[PDB]
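Q: Structure provided below as structure tokens; questions to follow.
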Amino acid sequence: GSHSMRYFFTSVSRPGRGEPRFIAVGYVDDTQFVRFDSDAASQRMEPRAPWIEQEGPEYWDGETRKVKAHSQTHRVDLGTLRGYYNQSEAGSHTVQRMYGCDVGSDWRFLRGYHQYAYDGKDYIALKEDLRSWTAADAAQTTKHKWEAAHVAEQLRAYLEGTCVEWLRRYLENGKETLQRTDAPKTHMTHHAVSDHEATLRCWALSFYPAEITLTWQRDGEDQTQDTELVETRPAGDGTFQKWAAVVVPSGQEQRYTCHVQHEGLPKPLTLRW
Amino acid sequence: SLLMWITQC
Amino acid sequence: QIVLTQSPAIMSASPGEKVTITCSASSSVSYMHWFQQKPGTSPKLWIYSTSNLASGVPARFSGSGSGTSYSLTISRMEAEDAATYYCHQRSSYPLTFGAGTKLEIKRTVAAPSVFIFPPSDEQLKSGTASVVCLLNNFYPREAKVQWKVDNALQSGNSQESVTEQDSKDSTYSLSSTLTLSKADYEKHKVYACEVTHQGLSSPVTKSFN
Amino acid sequence: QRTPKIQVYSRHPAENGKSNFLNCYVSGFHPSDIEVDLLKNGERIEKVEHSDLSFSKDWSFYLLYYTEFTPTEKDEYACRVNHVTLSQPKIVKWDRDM
Amino acid sequence: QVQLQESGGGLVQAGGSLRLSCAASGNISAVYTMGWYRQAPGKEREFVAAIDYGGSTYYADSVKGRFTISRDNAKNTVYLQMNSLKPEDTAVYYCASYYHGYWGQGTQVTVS
Amino acid sequence: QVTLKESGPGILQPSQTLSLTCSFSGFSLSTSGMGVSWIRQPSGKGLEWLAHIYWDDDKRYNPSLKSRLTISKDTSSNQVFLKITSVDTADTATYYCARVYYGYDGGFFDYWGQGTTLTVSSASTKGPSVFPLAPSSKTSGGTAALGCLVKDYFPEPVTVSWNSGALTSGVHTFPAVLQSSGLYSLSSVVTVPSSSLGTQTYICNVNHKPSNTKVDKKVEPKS
């Protein structure tokens with residue numbers, strides 16, 4: 001239903017090993033569709049999705065110019081934040097920047113983000129109204145400069161009016177990829193821990209999008225209190241994985257059932273082994 | 001696409 | 001199982017000669033590791049991954065090759081380089097070593113100083129007789145001893161043991177022991193041992209009553 | 001600062017003798033200075049194509065390294081990561097059914 | 001290649017009605033979204049206005065209610081009506097097309 | 001410092017059970033990427049890998065000995081055990097425990113133990129039957145070779161010294177030869193000038209400690 005377009009920018013400051021490394025990755029939903037690495041072979045924004053390879057060369061020139069502007073501004077940002085926090089030049093520091101827009105079912109603007117972090121902790125971010133900033137102790141001066149430059153309003157213009165339109169263009173271009181919902185493929189794995197206890201695992205393989213719920217039920221209530229669960233792991237082919245395992249007291253497996261909830265499931269599956 | 005003009009901190 | 005064969009079973013090189021061992025794998029192996037085992041010691045890691053010198057390994061060694069054929073190379077041999085080198089693989093878990101390439105110091109030819117020893121009286125009174133031949137300080141280990149009992153051919157009653165290459169002059173030493181019963185011994189006289197060698201122009205025979 | 005969380009797994013359920021992709025999903029770490037090697041019997045695999053460095057909501061990075069590999073009965077595959085927070089490299093063996 | 005033949009600036013009196021202009025040539029897909037900026041001498045660059053292909057308008061709080069961003073798809077032109085120019089508005093303006101990542105050449109606006 | 005030290009029986013009878021232990025220090029087998037493996041070397045032949053145990057108690061065996069081999073670990077006491085059931089004479093070898101560490105490149109058998117030699121035979125411990133090897137009466141115009149025959153002893157460990165360690169300059173001690181009877185035979189030989197045969201004294205000292213039999217035999221020219 002809801003879609004989202006995000007850009008993640010990472011600048012890490014090599015104190016004595018060249019100019020800072022810059023990585024910029026764009027995501028629509030869970031699919032990464034563009035990339036840029038300042039240490040890569042080509043200083044060009046490279047496509048990472050098939051449906052965007054058909055964008056015109058002028059599009060790629062624009063993306064490359066804007067990502068180089070981001071890289072230069074992030075270099076100056078590292079230089080400025082080191083001075084703001086009175087840190088020594090020899091230290092290596094990282095700057096992370098994320099912005100993007102969300103879109104509802106009826107394909108309208110739904111939410112707009114622009115967050116900024118220094119050394120992995122929050123520095124400054126745009127509030128949900130796209131008109132004000134949330135700032136840290138030494139990020140107050142950055143907020144003041146950003147309000148003087150009226151960057152909040154340009155950010156609102158980008159997120160609400162052109163981020164949404166570009167997200168819709170990407171959705172229409174990737175109709176067979178982004179708008180798909182790969183249903184989970186599921187297994188139950190039985191392994192023996194001892195003669196009096198065994199582990200029962202509920203697999204969920206190759207599903208898209210990444211959101212999913214695995215709940216174990218003892219012929220009744222949920223069993224999240226003694227369940228082993230892993231994070232949705234990226235399969236690598238564009239889909240995702242997850243499993244959830246409990247311990248059966250060696251013979252009461254039929255009492256245990258895993259419930260997998262997903263958008264691609266017409267009725268949530270209920271495996272029993 | 002990306003943001004056009006992003007301001008320095 | 002990936003069985004590894006090393007082309008030179010025995011390899012002689014003088015200090016200064018470039019030495020090249022070669023290990024051939026029956027199936028492709030991602031890496032080949034080389035171990036050096038000087039006799040009387042545990043094997044030592046030498047080339048830890050196909051090119052990389054282990055800790056303390058002299059810079060003269062080098063590893064090479066890929067796929068099913070690897071090599072260990074000594075750019076300039078030293079006397080301390082003489083040892084056995086095993087090629088070992090980890091790609092397939094039935095880890096296999098090579099049969100070993102005993103690397104020995106090449107030396108100019110020396111002739112064996114042959115000797116013969118009659119069975120002793122205190123050994124004779126114990127019911128057995130062992131006549132021992134000896135080959136002293138000859139370089140090429142390719143010597144071989146023929147035992148003559150009463151000018152008659154004897155082939156299957158001798159056991160032969162060779163010392164390691166000498167650390168002083170890189171020359172071997174071999175002994176052949178013929179074991180006979182008291183009755184089988186006293187029924188022959190004029191025992192003899194004739195040895196042939198790559199450094200001996202003609203076979204040399206030492207005999208006794 | 002933050003220590004990585006590693007998951008070593010295959011793209012598809014492992015059947016010996018059939019080609020597969022060995023993933024090593026290193027997530028949740030900070031800073032981004034990391035070294036990740038996919039090992040076969042302790043020997044580094046080449047062509048460990050990984051993914052582009054991104055981060056989650058809490059600014060913690062996540063990186064996916066993946067090779068193509070053929071599972072076998074007794075060959076063991078592991079992922080060796082190294083990070084600032086790790087005193088020594090931490091090796092997570094690939095469990096065929098986990 | 002693309003170029004922004006922005007013009008229409010100059011010296012205006014306080015409370016004037018200056019009307020900036022900006023057009024693109026060489027690339028025939030720039031009309032997707034275009035915005036205006038400005039940079040007073042000695043000051044950092046500042047957002048002014050932006051307009052999308054459909055005509056959605058966005059302004060900074062300083063220029064809200066007195067400036068006007070306008071576009072016409074047929075002629076590729078984008079304009080900026082500038083009613084009531086206070087003397088703070090003396091700056092070199094920059095028309096930038098968001099699709100191409102390209103900045104204008106800096107039409108100058110000075111107000112007494 | 002990293003140290004590995006094997007231990008176990010020196011002699012076993014055929015069809016018995018071998019129980020080797022490798023007590024190590026300087027590293028922890030609970031460390032990730034750590035392992036200890038068992039390799040044996042038959043006499044002087046090539047190395048053979050037997051078993052391997054991991055930091056997570058995963059065991060890999062040699063398929064040719066999988067049914068006989070059993071490997072286990074005790075990381076609390078820093079020990080690794082190997083069990084070979086129904087040993088045969090082919091299990092006579094020097095057994096090594098080698099550490100494997102995946103943390104840093106080059107940990108494949110980076111450290112080895114000194115090795116525990118194991119002899120599997122039905123024979124029983126016996127002291128050597130030291131005999132002399134008198135030089136020939138027809139002495140040459142050069143050096144003459146003395147010697148002593150060290151016959152019918154078990155197990156293999158034996159050391160022969162001349163004049164209780166005073167003639168180590170040119171003495172050749174040959175490796176033990178496993179005779180058809182199961183006992184070992186060894187011969188030490190020294191070479192001395194002919195003009196020093198009858199005037200000088202020469203004695204051979206053996207130190208077969210597995211049978212606690214010290215013997216010092218006098219060597220004299222043959223009558």
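Identifiers in the structure tokens: chain A, B, ... in order shown; residue index from 1 per chain; ligand index from 1 in order shown.
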Can you pull out the residues contacting residue 11 in chain F? Cut-off 6 Å, using only C-alpha atoms, and skip same-chain residues under 6 positions away; I want them as a ChimeraX atom specification.

A: /F:118-120

Q: Just the residues within 12 Å of residue 64 in chain E, please, counting only C-alpha atoms, with nothing from its chain fewer than 4 positions along; format it as a ChimeraX atom specification.

A: /A:150,153 /E:47-50,57-60,68-69,81-84

Q: Near residue 246 in chain A, within 7 Å and counting only C-alpha atoms, which residues show up once chain neighbours fewer than 2 positions away are dropped, as a list in words?

A: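 Here the answer would be residues 199, 200, 201, 226, 227, 228 and 248 of chain A.
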
Q: Applying 9 Å and only C-alpha atoms, which residues near residue 9 in chain B remain after dropping the ones on its own chain fewer than 3 positions away? List them as an MDAnalysis selection string.

A: chainID A and resid 73:74 76:78 80:81 139 141:143 145:146

Q: Keeping only N, CA, C and O atoms, write those residues as a compact mmCIF listing (two decimals), in the first residue's frame.

A:
```txt
# COMPACT_ATOMS: atom_id res chain seq x y z
N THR A 73 29.22 19.55 -0.06
CA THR A 73 28.61 20.10 1.14
C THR A 73 28.86 19.23 2.36
O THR A 73 29.01 19.75 3.47
N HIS A 74 28.94 17.91 2.19
CA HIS A 74 29.22 17.04 3.32
C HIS A 74 30.68 17.14 3.76
O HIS A 74 30.97 17.01 4.95
N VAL A 76 32.44 19.96 3.58
CA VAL A 76 32.45 21.19 4.37
C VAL A 76 31.70 21.00 5.68
O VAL A 76 32.03 21.61 6.70
N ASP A 77 30.68 20.14 5.68
CA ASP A 77 29.93 19.86 6.90
C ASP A 77 30.80 19.16 7.93
O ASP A 77 30.73 19.48 9.12
N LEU A 78 31.60 18.18 7.51
CA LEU A 78 32.53 17.54 8.43
C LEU A 78 33.52 18.56 8.98
O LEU A 78 33.77 18.61 10.19
N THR A 80 33.14 21.75 9.35
CA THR A 80 32.44 22.68 10.23
C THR A 80 32.03 22.03 11.55
O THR A 80 32.14 22.66 12.61
N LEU A 81 31.56 20.78 11.51
CA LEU A 81 31.13 20.10 12.72
C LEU A 81 32.31 19.77 13.63
O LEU A 81 32.17 19.80 14.86
N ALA A 139 24.02 21.99 17.89
CA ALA A 139 23.30 22.08 16.64
C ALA A 139 22.33 23.25 16.60
O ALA A 139 21.62 23.42 15.61
N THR A 141 23.23 26.41 16.52
CA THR A 141 23.77 27.34 15.53
C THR A 141 23.51 26.85 14.11
O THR A 141 23.23 27.66 13.22
N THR A 142 23.60 25.54 13.89
CA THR A 142 23.24 25.00 12.58
C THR A 142 21.77 25.25 12.28
O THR A 142 21.41 25.60 11.15
N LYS A 143 20.91 25.09 13.29
CA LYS A 143 19.49 25.39 13.10
C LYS A 143 19.27 26.86 12.78
O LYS A 143 18.45 27.20 11.92
N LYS A 145 21.43 28.97 11.33
CA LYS A 145 21.89 29.21 9.96
C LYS A 145 20.90 28.64 8.95
O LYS A 145 20.65 29.25 7.90
N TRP A 146 20.34 27.46 9.24
CA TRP A 146 19.40 26.83 8.31
C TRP A 146 18.09 27.60 8.24
O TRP A 146 17.44 27.63 7.18
```

Q: Which residues, written as a PDB file with C-alpha atoms, in the first residue's frame, have at least one atom at most 12 Å from residue 60 in chain F, with only C-alpha atoms counted and residues fewer than 6 positions away on the same chain left out?

A:
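The resulting file, selection28.pdb, is shown below:
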```
ATOM      1  CA  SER C  92      38.039 -30.088   0.720  1.00  0.00           C
ATOM      2  CA  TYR C  93      37.772 -30.994   4.372  1.00  0.00           C
ATOM      3  CA  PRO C  94      39.498 -34.398   4.161  1.00  0.00           C
ATOM      4  CA  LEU C  95      42.656 -32.356   4.616  1.00  0.00           C
TER       5      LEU C  95
ATOM      6  CA  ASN D  41      37.375 -23.877   5.828  1.00  0.00           C
ATOM      7  CA  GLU D  73      28.395 -32.348   3.322  1.00  0.00           C
ATOM      8  CA  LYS D  74      31.435 -31.558   5.473  1.00  0.00           C
ATOM      9  CA  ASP D  75      32.842 -28.259   4.185  1.00  0.00           C
ATOM     10  CA  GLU D  76      32.255 -25.426   6.646  1.00  0.00           C
TER      11      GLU D  76
ATOM     12  CA  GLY F  35      40.246 -25.220  16.538  1.00  0.00           C
ATOM     13  CA  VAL F  36      42.636 -28.027  17.402  1.00  0.00           C
ATOM     14  CA  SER F  37      43.388 -30.844  14.966  1.00  0.00           C
ATOM     15  CA  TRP F  38      45.142 -34.209  15.239  1.00  0.00           C
ATOM     16  CA  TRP F  49      45.300 -35.616   9.208  1.00  0.00           C
ATOM     17  CA  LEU F  50      43.028 -37.501  11.614  1.00  0.00           C
ATOM     18  CA  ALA F  51      40.449 -35.285  13.326  1.00  0.00           C
ATOM     19  CA  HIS F  52      39.525 -31.671  14.002  1.00  0.00           C
ATOM     20  CA  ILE F  53      37.359 -30.064  16.689  1.00  0.00           C
ATOM     21  CA  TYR F  54      36.027 -26.509  16.531  1.00  0.00           C
ATOM     22  CA  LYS F  66      36.006 -42.050  10.859  1.00  0.00           C
ATOM     23  CA  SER F  67      34.596 -45.202  12.466  1.00  0.00           C
ATOM     24  CA  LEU F  69      38.363 -41.905  15.567  1.00  0.00           C
ATOM     25  CA  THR F  70      36.627 -39.956  18.319  1.00  0.00           C
ATOM     26  CA  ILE F  71      37.538 -36.368  19.191  1.00  0.00           C
ATOM     27  CA  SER F  72      36.304 -34.310  22.128  1.00  0.00           C
TER      28      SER F  72
END
```
